[PDB]
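Architecture at a glance
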Amino acid sequence: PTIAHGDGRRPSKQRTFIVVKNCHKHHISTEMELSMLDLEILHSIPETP
Amino acid sequence: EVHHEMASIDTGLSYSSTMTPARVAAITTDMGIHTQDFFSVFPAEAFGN
């Protein structure tokens, strides 16, 4: 909004802003080293305690 | 263009509203050491030679 001027200094025009807002696309990445000799017993089925 | 005329009448016989300096929010100009250039503000006058 704007105040309508009372005097004849300048015409109290309307105001609208066209603003463009650029987004912040972030990438987060860790690692988790996991040993394959646990994967080998992951794939095997167990039968003994 | 929408005009809006408004009329204000004073229903009191004397003053009814008061202004006062409350707090200096800022001193805009500085109190520095300048000088009005008289060769700029009285530019027509000059010496003989």
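Cut-offs and rules
Residues numbered from 1 in each chain as written, not as in the entry; some residues may be left out. Chains lettered and ligands numbered in written order. Part of a larger assembly, values for the part shown. Heavy atoms only, no water. Helix = DSSP H or I, 4+ residues; strand = E, 2+ residues; numbered from the N terminus. Buried < 20%, exposed > 50% of the residue type's maximum accessible area, 1.4 Å probe, protein only. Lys, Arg positive; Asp, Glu negative; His and termini not counted. Charge placed at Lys NZ, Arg CZ, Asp CG, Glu CD. Areas by Shrake-Rupley, 256 points an atom, 1.4 Å probe, with all protein chains shown as cover. 1 Å grid on protein atoms, 1.4 Å probe; cavity = no way out; pocket = protein on both sides within 12 Å on 5 of 7 lines; lining within 4 Å. Points joined across faces, edges and corners; volume = space filled by probe spheres on them. Nonpolar A, V, L, I, M, F, W, Y, C, P; charged D, E, K, R; others polar. Salt bridge = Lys/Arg side-chain N within 4 Å of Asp/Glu carboxyl O. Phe/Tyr/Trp six-rings, centres within 6.5 Å; stacked < 30°, edge-to-face > 60°.

As recorded in the entry header, the structure was determined using cryo-EM to a resolution of 4.1 Å.

Along the backbone of chain A there are 1 helix and 0 strands. If one aligns the C-alpha atoms of chain A with their principal axes, the spans along those axes are about 95 × 20 × 10 Å. By the burial criterion, 0% of the 49 residues in chain A qualify as buried. Taking the 6 positively charged and 6 negatively charged side chains of chain A as two groups, their mean positions are separated by 49 Å.

Helices and strands together make up the secondary structure of chain B, namely 1 helix and 0 strands. The principal-axis extent of the C-alpha atoms belonging to chain B is close to 70 × 35 × 30 Å. The 49 residues of chain B split such that 0% are buried. As displayed, chain B offers around 6,100 Å² of accessible surface, 59% of which is attributable to carbon and sulfur atoms.

Looking now at the layout of surface pockets. Size it by volume and the largest pocket reaches roughly 440 Å³. Taken together, 14 residues make up the lining of the largest pocket; nearest its centre are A4(A), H5(A), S12(A), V2(B) and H3(B). Looking at the lining of the largest pocket residue by residue, the class counts come to 3 nonpolar, 6 polar and 5 charged.

Residue and element names in this part refer to chain A. Applying the stated criterion across every chain, the model contains 1 salt bridge over all chains. Of the charged contacts, one joins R9 and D7 as a salt bridge, the two residues approaching to 3.0 Å between their closest N and O atoms. By relative accessible area, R9 is classed as exposed at 53%.

Attention shifts here to the environment of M6(B). Looking at where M6(B) falls in the secondary structure, it is placed in the segment before α1 (38-41). Judged by its relative accessible area of 78%, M6(B) is exposed.

Residues and elements named next belong to chain B. The tally for this structure, following the rule as stated, stands at 1 aromatic pair over all chains. Look at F38 and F42: their rings are 5.9 Å apart centre to centre, the planes differ by 85°, and that puts the pair in the edge-to-face class. On the basis of relative accessibility, which here comes to 48%, the residue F42 falls in the partly exposed class.

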